[PDB]
Amino acid sequence: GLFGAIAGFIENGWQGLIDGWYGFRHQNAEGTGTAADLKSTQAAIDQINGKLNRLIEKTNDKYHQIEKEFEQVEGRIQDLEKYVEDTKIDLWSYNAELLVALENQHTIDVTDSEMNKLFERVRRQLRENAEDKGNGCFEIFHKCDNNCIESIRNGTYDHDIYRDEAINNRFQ
Amino acid sequence: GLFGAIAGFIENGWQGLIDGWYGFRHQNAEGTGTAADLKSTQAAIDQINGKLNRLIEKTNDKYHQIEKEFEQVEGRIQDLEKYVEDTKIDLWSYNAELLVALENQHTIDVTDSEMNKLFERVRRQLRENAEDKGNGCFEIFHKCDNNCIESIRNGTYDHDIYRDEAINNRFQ
Amino acid sequence: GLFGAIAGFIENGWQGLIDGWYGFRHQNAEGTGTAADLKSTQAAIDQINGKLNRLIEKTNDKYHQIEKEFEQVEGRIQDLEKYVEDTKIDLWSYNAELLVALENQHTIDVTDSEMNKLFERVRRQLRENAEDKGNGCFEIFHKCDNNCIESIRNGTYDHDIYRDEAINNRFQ
Amino acid sequence: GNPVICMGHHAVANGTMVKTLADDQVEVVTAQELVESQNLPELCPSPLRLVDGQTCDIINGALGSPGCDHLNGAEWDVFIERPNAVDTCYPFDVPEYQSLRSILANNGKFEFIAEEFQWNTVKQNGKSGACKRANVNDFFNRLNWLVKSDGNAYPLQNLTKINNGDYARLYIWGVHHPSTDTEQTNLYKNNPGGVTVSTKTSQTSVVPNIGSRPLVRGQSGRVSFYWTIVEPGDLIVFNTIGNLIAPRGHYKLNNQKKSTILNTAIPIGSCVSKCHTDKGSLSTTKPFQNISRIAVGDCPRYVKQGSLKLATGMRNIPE
Amino acid sequence: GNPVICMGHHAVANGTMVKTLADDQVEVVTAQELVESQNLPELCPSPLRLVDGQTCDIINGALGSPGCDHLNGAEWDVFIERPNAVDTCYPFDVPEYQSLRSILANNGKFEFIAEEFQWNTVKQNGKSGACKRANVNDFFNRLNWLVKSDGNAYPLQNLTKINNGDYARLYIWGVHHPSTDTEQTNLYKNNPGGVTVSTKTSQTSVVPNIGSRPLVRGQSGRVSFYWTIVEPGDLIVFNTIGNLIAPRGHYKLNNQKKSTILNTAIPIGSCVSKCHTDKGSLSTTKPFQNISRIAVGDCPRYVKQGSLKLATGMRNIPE
Amino acid sequence: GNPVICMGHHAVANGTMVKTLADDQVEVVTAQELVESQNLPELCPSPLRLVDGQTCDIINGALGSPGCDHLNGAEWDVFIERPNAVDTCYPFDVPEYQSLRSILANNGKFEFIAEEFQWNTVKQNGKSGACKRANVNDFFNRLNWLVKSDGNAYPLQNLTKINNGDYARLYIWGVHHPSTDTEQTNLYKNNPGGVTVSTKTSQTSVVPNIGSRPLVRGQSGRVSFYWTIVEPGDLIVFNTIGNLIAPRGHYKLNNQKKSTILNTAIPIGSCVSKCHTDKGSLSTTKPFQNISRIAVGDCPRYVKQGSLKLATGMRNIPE
Ligand SMILES: *[C@@H]1O[C@H](CO)[C@@H](O)[C@H](O)[C@H]1NC(C)=O
Ligand SMILES: *[C@@H]1O[C@H](CO)[C@@H](O)[C@H](O)[C@H]1NC(C)=O
Ligand SMILES: *[C@@H]1O[C@H](CO)[C@@H](O)[C@H](O)[C@H]1NC(C)=O
Ligand SMILES: *[C@@H]1O[C@H](CO)[C@@H](O)[C@H](O)[C@H]1NC(C)=O
Ligand SMILES: *[C@@H]1O[C@H](CO)[C@@H](O)[C@H](O)[C@H]1NC(C)=O
Ligand SMILES: *[C@@H]1O[C@H](CO)[C@@H](O)[C@H](O)[C@H]1NC(C)=O
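Residue labels used throughout are counted from 1 along each chain in written sequence order rather than taken from the entry, whose numbering may differ, and residues without coordinates are not included. As they are written, the chains are lettered A onward and the ligands numbered 1 onward, keeping that order. For the side-chain quantities, the full set of heavy atoms in the structure was used; hydrogens and water were omitted. Residues with missing side-chain atoms are left out of burial classes, side-chain pairs and their counts.

## Topic: the interface of chain F and chain C
To keep things clear, this is the line we draw: The contact definition used throughout considers only heavy atoms, calling two residues in contact when any of these lie within 4.5 Å. Throughout, buried area stands for the accessible area (probe radius 1.4 Å) lost by two parts on being put together, summed over both. We define a salt bridge as a contact between a side-chain nitrogen of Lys or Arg and a carboxyl oxygen of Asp or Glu at a distance within 4 Å. Counted as a polar contact is a pair of N or O atoms within 3.5 Å, where, for protein atoms, one must be capable of donating a hydrogen and the other of accepting one, and residues adjacent in sequence contribute only when both atoms are in side chains. For helices the rule is a DSSP run of H or I covering at least 4 residues; for strands it is a run of E covering at least 2, with both sets numbered from the N terminus onward.
Taken together, the contact between chain F and chain C spans 58 residues of the former and 67 residues of the latter. Both sides of the chain F and chain C interface together cover about 5700 Å² of buried area, and 61% of this is carbon and sulfur. Linking chain F with chain C are 2 salt bridges. Residues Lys304 of chain F and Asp90 of chain C are paired through a salt bridge, measuring 3.0 Å at the closest nitrogen-oxygen approach. At the surface where chain F touches chain C, the tally comes to 30 residue pairs in polar contact. At 6 residues, the largest contribution of residues to the side of chain F that touches chain C is made by strand β1 (residues 4–9) of chain F.

So, in structure tokens, the structure goes:
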């Protein structure tokens, strides 16, 4: 990936995350938990479906064409017919080979990007109340119960509530 | 977009910004203002015109070809002429469809990227004197008059000048 | 580049860096030095090699085809043969032209990305002990001898060791 | 300063390898196959209209050879021609065979319009042992074998058919090549024969070629078939001093010709599909297929690759 | 700690929808159409050199039929052939019509070099009522109708033209097919006739075909035209015992053949364009066009799509 | 707060320009050329099997003209045909020349299977001064010139060859065109001649064409060559009343035909390469080449561009 999140500072994925593509894993005084993130997951999924719809799209509806199998050689005209078809096939086979390669490279960069967006979203939520540990995890410098954690996950976390506590813990 | 700035943490665009693609919108003690950033705007424009020039480029200069319209069926040779042309058209139509799709996806990612670059530039200018509010806006923790603001926009802002004031406001 | 590192906040490259693609340049009380980063360089190299392998890959193994050179005009059938070959050449020339352009645009974005990843890696190692100067350089707010510098480059740097010293220097 | 929150992504035990620009084997969580490599063992008779020629290929179908009566009046999107089709009549060839087969196949119907030809003096309805119908000597039922009268006369034939219909007409006719000078005179009196068929702007002239050909169904002679298309506002003139295998009428040509032919031994079934190959119909949505370059209908594009996997998920890094 | 600075981008009230890999409809600020879907109602005579055949197609132009005199000496990049062109001479056909038409069109000029053929005994300059010029019976002015002498003689013709010029020569010649044996003898004495035209390495031999064709301009006979190309250092030999429609010389062939033909009813105007379709010229910079697959000159590539919008701005998110 | 650590990348003094989507000229540290624009001045005889025709083109090789004896039994992947090849025998043409040339070249070997034809009464092994072998009148050594007996007799020929081998047979045969009626009678008694060669499902009939052709090696006559393919389980019948140039046997056809022909004057050398153009072999790994559209073997794809540089490094920003 271009952003270096998936297979990057995120060391690995979570096989236990079975209701989402991205999510939260926390540890506080009350315990530990894992919860999927809906917006990030949906964003990745929608863009992958867009590819699927555009790809599995158009007809190629052909009927009367040319002969493509021959019992015996005839010469000039058969040579051209054979050459025309072989030419067609190589070009389209190339198109297919390149297309899938392009889509996949883009698909991986998109998913890697969406991971990074989620981390950055939470980073901005926490302000001066937390520090990046480097492995996609934030050390939270105030007491944060399950209600507090959920407020981060659902985007209602108010950093000003804990800022004094957090700054004091960070720098003393 | 891959960076999540446009249609991301920037909630929407500015219809009042009619002289640039990117810019600054501020509020201080003296009032409010909007001003375009020329460097970010130009960077986007150059890369987009670059696509246009490479695209609207090469001749396809053809004269004596083959017959492509027929009154009545003749059989083998006409079938091949018809098949050759139909094959050609599908291939080029595919190329056109894919090309536009590739360019557009890239154009959006570039413009989103250029937005992100501008925000990151200003972020680095401000150092410890400001905080990311989460919406592409920085809270500036010192008095910042119109001359101060312009120094940020034109890149002459010196963070050391306000550092003591700013740190004191941030953490007390 | 999409990340704005190479030909961006990194003003220029290092002609003295001859044993790597990316690396470290430092200044402390003991002096100055330049050292290559192995992981970042290798990451860039491997992905470029992947392109090379996939590109310089497949045969196109053709024998009996069609006549492509003609002494004198014959009419209909020769017209078709000439048209078929000319059509083929233009499509493949298009494919080649686009392929190289796509690869190169991607190659530049990958390398620019790998540059940014390295900067972000070191940023996360340093935590609250350093500040981004804006030019790809970190101001380190504690004494950092050659052993300290190496611990940063090889990833064994422990921020907690210098944190008290660093915070005190930063904000007083 | 003690609680921690981590951002991450999902993973599975075992993912799927895909190709990118930079890597021939990348593991992603999920992937989707874009190449169709499975076919049905039968041809789907819906929603396209298929016509099974069975023991008759499309050329003998048009000529009306013994065993081809079931093709009368047939209309098709795709004519199914069988590899084991066999000749059941007088030995023949078609100078531009593939072209005639193309026209008949593309036209997409066997609508024959009978016409009265007022031939002069000559006997009509000649038959042959090489073309038996229920143990009785017969012939192509779309063709009319003209021979000399009992009075040993074969006068110059000079007949005209004018087309003031609203459709183009396809006349199929032939020229007979006897084995010997004796057979020539015994059949057509005159020696040599000769045929000229013409419209306002086109013509075909054929001189018979006498000689021994290999024995096929007891005959050393051959019939060479030709065709003439007569547009509305045009007319056709038949001219003969011997050896003409005359038409009994013409086939109707559709103005728009949308049909084709598919040669295969695959049987017609009861499935539904709009894509047919010579290996059988496909029932797939994938954009590509590697089954056969010969494909008719609403089909995936033929490629050489046996497999091409599209990533539908992120990179899989488990644990 | 109170001031705020915000980073943002522009937007408009109403943007343009474009396609990407992942979305069929994305709103961007500005976009550019890449498919040209408009044509001019006329053909531009500049900067390409156009020649209007008017009532003459390129074949009758080459034969020199009545009404084609205006094409004498003409040079063209693109020969403009009209759908309403009509035959004004003796009824004819061309065995390889499209091949001859291609050669003439591709060659790009009508430079005729008259030559004196020393025909023996036979009468020259035969004319016909099917090919009148100002109420006088005439003929193709590039062709020479040989008939028997007043002494009822048509001796074997045996003539040679050697090519030691620095250009290849195009000889156009024909064979006459009489309606009856009477017409055959009345014209050429001998029966049958016969023509053999040959170079050092190539030849064409034709035997006349006597029979009734449809009446066209009062004639049941037909002329079939052929051609022979004679390279420098080669020579051509005409051999005849009857029915030859002899050439009066040859056309010059350019070494490099860069021209072509465009069949259309669209009138020539006063505009400037280097791209011509059968629907009219194009004046555009767009890389694609959906107007016609038939396009000559410096043209956009033909595509099926009516529209393909290239994004030239960022995503539009207004307010 | 004083030490500083900087992150950066390498650069060189002078980099290489490449194209992207947005820029025709971007300087990168390293690049790799993808278009091969250099060829070897010779053809590599390994690992492909090359056969040099030298003074014989592939057609005269098959007929067995003087000077072609070295091609006997030859097997090739690529037949090398020389531009300066010259005719050394009786003047001939091949109505479907390129088609016969294609078949011979594609088949990939000259394996002739000699056969005894029991011709009746007629003299065999006719020779000619136009086809001299060491100052002695000769002929194509694969062909057999039949002429009338000393008793001035040329009876109808009627011979059959049945094929129950496990390979398809290629019979090459011809028809002679005399210059005059005298030459016709002097050679074949009968006038006119005639040839009919036929299988179970196909046939070819030729009537000789008498007339003066240009003098080639002292001859005004011509031989027109034809061919007949006979599948296993089929048979061939030769029928003649004059002018037949009979075969002395047949060539073996490979079931699988994998070979081709390359016309070039470039000499065969000692290098190793699996890619050959008419300009010489290529020894390269680049995916593309601009040397020639004519390329045989394992070759880069031909493109118009003279150069296409693939970036193999980051952008070069020195100092
Ligand atoms: C018969 O031929 C004569 C000329 O030989 C012609 O005038 C007449 O129109 C022809 N009749 C038909 C019915 O074709
Ligand atoms: C198509 O691909 C399958 C595997 O996906 C392979 O087994 C099959 O042989 C292929 N068909 C061909 C090569 O005709
Ligand atoms: C006439 O024919 C004779 C042989 O029949 C030939 O020798 C002579 O060259 C011919 N003359 C011309 C002018 O072609
Ligand atoms: C070309 O596209 C236009 C719309 O851009 C459409 O109206 C027109 O019918 C198209 N021409 C065709 C399909 O021939
Ligand atoms: C000779 O011809 C007769 C009929 O004319 C035929 O029955 C016989 O089979 C022929 N012989 C050969 C050897 O082809
Ligand atoms: C191929 O490209 C080279 C430069 O890369 C050029 O010099 C040469 O003329 C080209 N060959 C052609 C155009 O046939």
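## Here we look at the pattern of salt bridges
Just so we agree on the cut-off: Each residue is placed in one exposure class: buried if its accessible area under a 1.4 Å probe, protein chains only, is under 20% of its type's maximum, exposed if it is over 50%, and partly exposed if it falls in between.
This structure, assessed with the given rule, holds 102 salt bridges over all chains. The partner of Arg54 of chain A in a salt bridge is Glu97 of chain B, with the nearest N and O atoms 2.7 Å apart. Of the two residues, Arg54 of chain A is situated in helix α1 (residues 38–55) and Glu97 of chain B in helix α2 (residues 76–126); the pairing between them involves two chains. For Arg54 of chain A, a relative accessible area of 14% puts it in the buried group. Put simply, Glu128 of chain C and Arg170 of chain C hold a salt bridge, and the shortest N to O gap is 3.1 Å. Of this pair, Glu128 of chain C sits in the loop between α2 (76–126) and β4 (130–132) while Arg170 of chain C sits in helix α4 (residues 159–171); the two residues are 42 residues apart in sequence, bridging distant segments of the chain.

## Some words on the interface of chain A and chain B
Think of interface size as the accessible area that goes away when the parts come together; that is how it is often given. Facing the 33 residues of chain A at the interface are 31 residues of chain B. Between chain A and chain B, a total of about 2700 Å² is buried, with carbon and sulfur atoms accounting for 58% of that surface. In terms of surface lost to chain B, no three residues of chain A exceed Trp92, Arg124 and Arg127 of chain A, which account for 21% of the buried area on that side. Summed over the shared surface of chain A and chain B, the number is 11 salt bridges. Seen at the junction of chain A and chain B, the total is 18 residue pairs in polar contact. For the side of chain A that touches chain B, the element with the most residues is helix α2 (residues 76–126) of chain A, which contributes 19 residues.

## Notes on the pairing of strand β11 (residues 128–133) of chain D
Residues and elements named next belong to chain D. Cut-off, in case you're wondering: Two strands qualify as a pair provided DSSP detects at least 2 bridges between them.
Relative to strand β12 (residues 136–138), β11 is paired through 3 bridges, and the arrangement is antiparallel. The residue of β12 that forms the bridge with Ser128 is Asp138. Where β11 hands over to β12, the hairpin turn is made up of 2 residues, of which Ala134 adopts a positive phi near 50°.

## Section: the UniProt feature "coiled-coil region" (unreviewed entry) in chain A
Selection criterion: UniProt positions are given in the numbering used here, feature names are shortened, and annotations may be inferred rather than shown by experiment.
With numbering aligned to this structure, UniProt lists the feature "coiled-coil region" (unreviewed entry) at residues 38–83 of chain A. In residues 38–83 of chain A, helix accounts for 57% and strand for 4%; the two terminal C-alpha atoms are 53 Å from one another.

## Description of the pairing of strand β8 (residues 78–81) of chain D
Residues and elements named next belong to chain D. Here is the rule: Looking down the strands as they point away from the viewer, one classifies a crossover as right-handed if the path from the first strand across the helix to the second runs clockwise.
With burial as the criterion, each face of β8 is covered, one bearing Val78 and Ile80 and the other bearing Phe79 and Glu81. Relative to β8, strand β7 (residues 50–52) is paired through 3 bridges, and the arrangement is parallel. Bridge pairing in β8 links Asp52 to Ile80. A crossover links β7 with its parallel partner β8, the connecting element being helix α1 (residues 58–63), and its sense is right-handed. In this structure, β8 lies alongside strand β22 (residues 260–263), joined through 4 bridges in parallel fashion. Residue pairing in the sheet places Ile80 in a bridge with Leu262 of β22.

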